[PDB]
Amino acid sequence: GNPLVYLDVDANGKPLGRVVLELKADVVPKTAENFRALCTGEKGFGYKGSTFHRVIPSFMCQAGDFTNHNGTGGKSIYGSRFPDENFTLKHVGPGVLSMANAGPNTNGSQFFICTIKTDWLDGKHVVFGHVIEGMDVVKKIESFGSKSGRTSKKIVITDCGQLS
Ligand SMILES: CCOC(=O)CNC(=O)NCc1cccc(-c2ccncc2N)c1
Ligand SMILES: [K+]
């Protein structure tokens, strides 16, 4: 079935705990597979050692720019970008896992975890999973954000991978 993956996150080198995510390979197989492989690092690149670079309280926590660490970089396992797979899954509340983008058909590696319902993003960002465990960890990350998106501590995915 659907991959279960994890992200172990610290703040200025101090551990905050584990976020566990289900990836909806049953609905968005290509988008799910991208994220799964970037978690395991099996392609020779991925999320381990990269940051949450944009975190906005009462909105979302954004990560996945593992090349430039600021929203301008990242890439997929397929190439620099890939199409919007479908918009079947909606931004229904906190804990939704969704692709960041720069417009239609610009998915790379950047993603976000929602800390509120973000339904104004429906049909524009490809939702591909949700938090199974560690919404308290997400809330810790959210606490180091700001209204600008800048983080007040360096928030690092110290490890990541696939549980099943
Ligand atoms: C709530 C989520 O909000 C957003 O998605 C706001 N947008 C955003 O953060 N865009 C940066 C970005 C996001 C994703 C991919 C790129 C990209 C960069 C350079 N070359 C190719 C690319 N595919 C850039
Ligand atoms: K706002």
# chains A, B, ... in the order shown; residues from 1 in each chain; ligands from 1
call {"tool": "closest_atom_pairs", "arguments": {"of": "stretch 15-84 of chain A", "to": "stretch 130-149 of chain A", "cutoff": "6 Å", "atoms": "only C-alpha atoms", "output": "CSV"}}
result
residue,atom,partner,partner_atom,distance
A:17,CA,A:137,CA,5.9
A:18,CA,A:134,CA,5.9
A:19,CA,A:134,CA,4.5
A:20,CA,A:133,CA,5.0
A:21,CA,A:131,CA,4.6
A:22,CA,A:130,CA,5.5
A:54,CA,A:149,CA,4.6
A:55,CA,A:145,CA,4.5
A:56,CA,A:149,CA,4.8
A:57,CA,A:142,CA,5.4
call {"tool": "residues_near_ligand", "arguments": {"ligand": "ligand 1", "cutoff": "7 Å", "atoms": "only C-alpha atoms and all ligand atoms", "output": "MDAnalysis selection string"}}
result
chainID A and resid 60 62 71:75 80:81 99:102 106:112
call {"tool": "residues_around", "arguments": {"residues": "residue A:32", "least_positions_apart": "4", "cutoff": "10 Å", "atoms": "only C-alpha atoms", "output": "JSON, numbers by chain"}}
result
{"A": [2, 3, 22, 23, 24, 25, 26, 27, 28, 36, 37, 127, 128, 129]}
call {"tool": "closest_residue", "arguments": {"among": "A:163, A:5, A:116, A:157", "to": "ligand 2", "atoms": "only C-alpha atoms and all ligand atoms"}}
result
A:116
call {"tool": "closest_residue", "arguments": {"among": "A:10, A:31, A:67, A:58", "to": "ligand 2", "atoms": "only C-alpha atoms and all ligand atoms"}}
result
A:58
call {"tool": "select_by_dssp", "arguments": {"residues": "stretch 11-136 of chain A", "states": "strand (DSSP E or B)", "output": "number ranges by chain"}}
result
A: 11, 14-23, 51-56, 60-63, 82, 96-99, 107, 111-114, 127-133
call {"tool": "closest_residue", "arguments": {"among": "A:16, A:59, A:29, A:4", "to": "ligand 2", "atoms": "only C-alpha atoms and all ligand atoms"}}
result
A:59
call {"tool": "residues_around", "arguments": {"residues": "residue A:117", "least_positions_apart": "4", "cutoff": "8 Å", "atoms": "only C-alpha atoms", "output": "PyMOL selection string"}}
result
chain A and resi 91-94
call {"tool": "write_last_selection", "arguments": {"atoms": "N, CA, C and O atoms", "output": "short mmCIF file (atom, residue, chain, number, x, y, z; two decimals), in the first residue's frame"}}
result
data_model
loop_
_atom_site.label_atom_id
_atom_site.label_comp_id
_atom_site.auth_asym_id
_atom_site.auth_seq_id
_atom_site.Cartn_x
_atom_site.Cartn_y
_atom_site.Cartn_z
N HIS A 91 -7.11 20.38 0.29
CA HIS A 91 -6.45 20.94 1.51
C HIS A 91 -7.53 21.08 2.66
O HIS A 91 -8.13 22.10 2.81
N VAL A 92 -7.77 19.97 3.36
CA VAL A 92 -8.98 19.82 4.18
C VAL A 92 -8.74 20.27 5.62
O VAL A 92 -9.67 20.43 6.38
N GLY A 93 -7.49 20.45 6.01
CA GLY A 93 -7.19 20.87 7.38
C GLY A 93 -5.75 20.79 7.71
O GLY A 93 -4.90 20.52 6.83
N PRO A 94 -5.42 20.93 9.00
CA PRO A 94 -4.07 20.77 9.43
C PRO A 94 -3.56 19.37 9.21
O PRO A 94 -4.37 18.45 9.24
#
call {"tool": "closest_residue", "arguments": {"among": "A:84, A:118, A:76, A:12", "to": "ligand 2", "atoms": "only C-alpha atoms and all ligand atoms"}}
result
A:118
call {"tool": "residues_around", "arguments": {"residues": "residue A:159", "least_positions_apart": "5", "cutoff": "8 Å", "atoms": "only C-alpha atoms", "output": "count of residues only"}}
result
5
call {"tool": "atom_distance", "arguments": {"atom1": "atom CA of residue A:30", "atom2": "atom CA of residue A:114"}}
result
21.0 Å
call {"tool": "select_by_dssp", "arguments": {"residues": "chain A", "states": "alpha helix (DSSP H)", "output": "ChimeraX atom specification"}}
result
/A:29-40,135-143
call {"tool": "write_last_selection", "arguments": {"atoms": "C-alpha atoms", "output": "PDB file, in the first residue's frame"}}
result
ATOM      1  CA  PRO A  29       1.585   7.761  -7.613  1.00  0.00           C
ATOM      2  CA  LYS A  30       4.153   9.926  -9.434  1.00  0.00           C
ATOM      3  CA  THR A  31       4.042  12.701  -6.744  1.00  0.00           C
ATOM      4  CA  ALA A  32       4.152  10.158  -3.943  1.00  0.00           C
ATOM      5  CA  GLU A  33       7.109   8.336  -5.475  1.00  0.00           C
ATOM      6  CA  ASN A  34       9.090  11.554  -5.847  1.00  0.00           C
ATOM      7  CA  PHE A  35       8.727  12.436  -2.181  1.00  0.00           C
ATOM      8  CA  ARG A  36       9.384   8.818  -1.028  1.00  0.00           C
ATOM      9  CA  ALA A  37      12.643   8.605  -2.953  1.00  0.00           C
ATOM     10  CA  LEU A  38      13.782  12.050  -1.765  1.00  0.00           C
ATOM     11  CA  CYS A  39      13.206  10.782   1.839  1.00  0.00           C
ATOM     12  CA  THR A  40      15.270   7.635   1.326  1.00  0.00           C
ATOM     13  CA  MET A 135       1.512  16.951  14.482  1.00  0.00           C
ATOM     14  CA  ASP A 136       3.032  18.107  17.849  1.00  0.00           C
ATOM     15  CA  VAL A 137       6.387  18.172  16.128  1.00  0.00           C
ATOM     16  CA  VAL A 138       4.909  20.222  13.250  1.00  0.00           C
ATOM     17  CA  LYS A 139       3.504  22.620  15.817  1.00  0.00           C
ATOM     18  CA  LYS A 140       6.996  23.004  17.309  1.00  0.00           C
ATOM     19  CA  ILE A 141       8.413  23.821  13.864  1.00  0.00           C
ATOM     20  CA  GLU A 142       5.490  26.327  13.351  1.00  0.00           C
ATOM     21  CA  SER A 143       6.547  28.020  16.618  1.00  0.00           C
TER      22      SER A 143
END
call {"tool": "closest_residue", "arguments": {"among": "A:89, A:120, A:82, A:43", "to": "ligand 2", "atoms": "only C-alpha atoms and all ligand atoms"}}
result
A:120
call {"tool": "atom_distance", "arguments": {"atom1": "atom CA of residue A:83", "atom2": "atom CA of residue A:124"}}
result
11.8 Å
call {"tool": "decode", "arguments": {"residues": "stretch 122-153 of chain A", "atoms": "N, CA and C atoms", "output": "compact mmCIF listing (two decimals), in the first residue's frame"}}
result
# COMPACT_ATOMS: atom_id res chain seq x y z
N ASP A 122 -6.73 24.70 -3.20
CA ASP A 122 -7.32 23.58 -3.95
C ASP A 122 -7.32 23.84 -5.44
N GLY A 123 -6.93 22.84 -6.21
CA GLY A 123 -6.77 22.99 -7.64
C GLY A 123 -5.55 23.73 -8.11
N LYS A 124 -4.73 24.22 -7.19
CA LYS A 124 -3.48 24.87 -7.51
C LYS A 124 -2.22 24.18 -7.01
N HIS A 125 -2.30 23.50 -5.88
CA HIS A 125 -1.23 22.72 -5.35
C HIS A 125 -1.68 21.28 -5.19
N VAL A 126 -0.80 20.36 -5.57
CA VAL A 126 -1.12 18.91 -5.59
C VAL A 126 -0.87 18.40 -4.17
N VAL A 127 -1.98 18.06 -3.54
CA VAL A 127 -1.93 17.35 -2.27
C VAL A 127 -1.57 15.92 -2.48
N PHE A 128 -0.68 15.38 -1.65
CA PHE A 128 -0.20 13.99 -1.84
C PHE A 128 -0.03 13.12 -0.60
N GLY A 129 -0.53 13.60 0.53
CA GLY A 129 -0.33 12.86 1.77
C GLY A 129 -0.84 13.63 3.00
N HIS A 130 -0.56 13.06 4.16
CA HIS A 130 -0.89 13.71 5.44
C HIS A 130 -0.10 13.17 6.56
N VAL A 131 -0.11 13.90 7.67
CA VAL A 131 0.59 13.53 8.91
C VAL A 131 -0.16 12.42 9.63
N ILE A 132 0.53 11.31 9.82
CA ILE A 132 0.07 10.13 10.58
C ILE A 132 0.37 10.27 12.06
N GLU A 133 1.54 10.80 12.33
CA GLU A 133 2.05 11.03 13.67
C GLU A 133 2.95 12.26 13.68
N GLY A 134 2.99 13.00 14.81
CA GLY A 134 3.90 14.10 14.98
C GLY A 134 3.37 15.46 14.59
N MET A 135 2.05 15.63 14.63
CA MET A 135 1.51 16.95 14.48
C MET A 135 2.05 17.86 15.60
N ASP A 136 2.37 17.28 16.79
CA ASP A 136 3.03 18.11 17.85
C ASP A 136 4.43 18.57 17.44
N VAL A 137 5.11 17.75 16.68
CA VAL A 137 6.39 18.17 16.13
C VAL A 137 6.24 19.30 15.08
N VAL A 138 5.27 19.16 14.22
CA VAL A 138 4.91 20.22 13.25
C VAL A 138 4.59 21.53 13.95
N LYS A 139 3.85 21.45 15.06
CA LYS A 139 3.50 22.62 15.82
C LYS A 139 4.73 23.26 16.43
N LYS A 140 5.68 22.46 16.89
CA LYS A 140 7.00 23.00 17.31
C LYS A 140 7.70 23.74 16.21
N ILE A 141 7.80 23.13 15.01
CA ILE A 141 8.41 23.82 13.86
C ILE A 141 7.71 25.19 13.62
N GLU A 142 6.37 25.17 13.62
CA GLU A 142 5.49 26.33 13.35
C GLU A 142 5.84 27.45 14.30
N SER A 143 6.16 27.05 15.53
CA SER A 143 6.55 28.02 16.62
C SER A 143 7.80 28.79 16.35
N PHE A 144 8.68 28.30 15.48
CA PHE A 144 9.90 29.00 15.15
C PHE A 144 9.80 29.83 13.86
N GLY A 145 8.63 29.85 13.24
CA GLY A 145 8.30 30.69 12.09
C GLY A 145 7.98 32.12 12.44
N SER A 146 7.50 32.84 11.45
CA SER A 146 7.06 34.19 11.62
C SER A 146 6.16 34.51 10.53
N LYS A 147 5.48 35.64 10.68
CA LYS A 147 4.56 36.10 9.63
C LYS A 147 5.23 36.36 8.26
N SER A 148 6.48 36.77 8.29
CA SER A 148 7.33 36.85 7.08
C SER A 148 7.73 35.52 6.43
N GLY A 149 7.64 34.43 7.18
CA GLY A 149 8.14 33.13 6.74
C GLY A 149 9.53 32.84 7.23
N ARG A 150 10.26 33.86 7.66
CA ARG A 150 11.60 33.61 8.21
C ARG A 150 11.58 32.89 9.53
N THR A 151 12.52 32.02 9.72
CA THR A 151 12.55 31.23 10.93
C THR A 151 13.55 31.86 11.86
N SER A 152 13.29 31.72 13.13
CA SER A 152 14.12 32.36 14.18
C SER A 152 15.18 31.38 14.65
N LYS A 153 15.06 30.09 14.28
CA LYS A 153 16.11 29.07 14.56
C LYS A 153 16.29 28.29 13.26
